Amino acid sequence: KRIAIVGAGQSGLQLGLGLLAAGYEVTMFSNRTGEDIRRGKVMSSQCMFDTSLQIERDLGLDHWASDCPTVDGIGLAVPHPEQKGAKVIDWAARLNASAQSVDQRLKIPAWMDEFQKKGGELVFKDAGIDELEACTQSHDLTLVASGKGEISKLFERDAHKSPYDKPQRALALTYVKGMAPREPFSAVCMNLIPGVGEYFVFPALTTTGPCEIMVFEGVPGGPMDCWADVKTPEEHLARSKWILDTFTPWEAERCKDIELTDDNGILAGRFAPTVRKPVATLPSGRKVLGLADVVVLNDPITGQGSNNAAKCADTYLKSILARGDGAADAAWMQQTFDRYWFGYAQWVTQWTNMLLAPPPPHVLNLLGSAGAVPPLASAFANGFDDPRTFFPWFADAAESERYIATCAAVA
């Protein structure tokens, strides 16, 4: 009945709050105060699709549902190689239900407050092996939910589930006010620059109200791997507009008057996609269980990290509740992760890792056909809500052709 969680993030707090509502005692370790999270740097573009949003709704945790702008579709654009400032692919499709991006600077601290108000024990410290040893002696289960924190490396990298050992994109975020709203519906506007990278943009909610989030991913060493010399917020805004001027002038038209939401609405960084083994053994021989990004870390190119966090925490919560008085031993830990991995996250991960590599011809054919076959475009858009639905037709040429034909027959 006593559960410890190290890491006050999306998955950790969602899980902790669910556990409290089910009558558990929860101890949570945070390495930052709520206010410093609210006023510190952005951490994500956190676009959450309907299934993930519903997990939050069902826990009563959708506190921003009304104030957060909805994201109502997906758009895909590719520059025309032979026509200046034009697109050779330019289509959109509505999501069957809205997505929403609630800044973690808002959500995490408010969920920390809710966790305390609901009886959770919040302990402030940069937790290390010593805290894990203490927790495993006083609690029935200890989870590590520390995201990209250094303590996550306690869990052993799973080479067979990790095809990459190096970052595959250089990342940046810029939160802005004043962007012209997309008409006639909002979308994740995806701009695929062949051999260069990707620009994504969609509306969101941050600490100063509604905004849009510009998301940049660059092939390393390419023209969009361009944040090393950026050292001020003003330079970051400028480099953001420069990418749009240089590679997506149609989006630059929307950004004549953009300003940062705040000087901390910027980020630049990179990481290697990594899957880890879920059970870590401490020096004492006691065991801890890894949660969400600790065990499955994907590049954000597919916008799945916060979705994975919600769905991972939901699966772990269900597994804890079903266990009851049963031992929280390594076998149960491993089985809990396995259901998440084989049931769901292996397909999110395989899809994302394929998209990081150069697209093969059948993929370019799918993206083009989607502009002329609306049901295929819809499949693409709503696949973001459950990436299992891309298999087997996204990854195999012959199956992709069969699926295009299925889609064309009902257009």
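Just count from 1 along the sequence shown to find any residue number.
The stretch with the higher mean CA B factor, choosing between 287 to 295 and 320 to 328, is 320 to 328. The stretch 123 to 131 shows the higher mean C-alpha B-factor when 200 to 208 is compared against 123 to 131 in the entry. The PDB entry gives the largest Cα B-factor of the residues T70, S66, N382, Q54 to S66. The top Cα temperature factor in the record, among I258, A313, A92, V275, falls on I258.
When all modelled residues of the chain are sorted by CA temperature factor, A409 is found within the highest third. Sort the chain's modelled residues by C-alpha temperature factor and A357 lands in the highest third, per the entry. Sort the chain's modelled residues by C-alpha temperature factor and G9 lands in the middle third, per the entry. Among the modelled residues of its chain, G305 has a C-alpha B-factor that falls in the middle third, as given in the PDB entry. In the deposited entry, the Cα temperature factor of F155 places it in the highest third of its chain's modelled residues.
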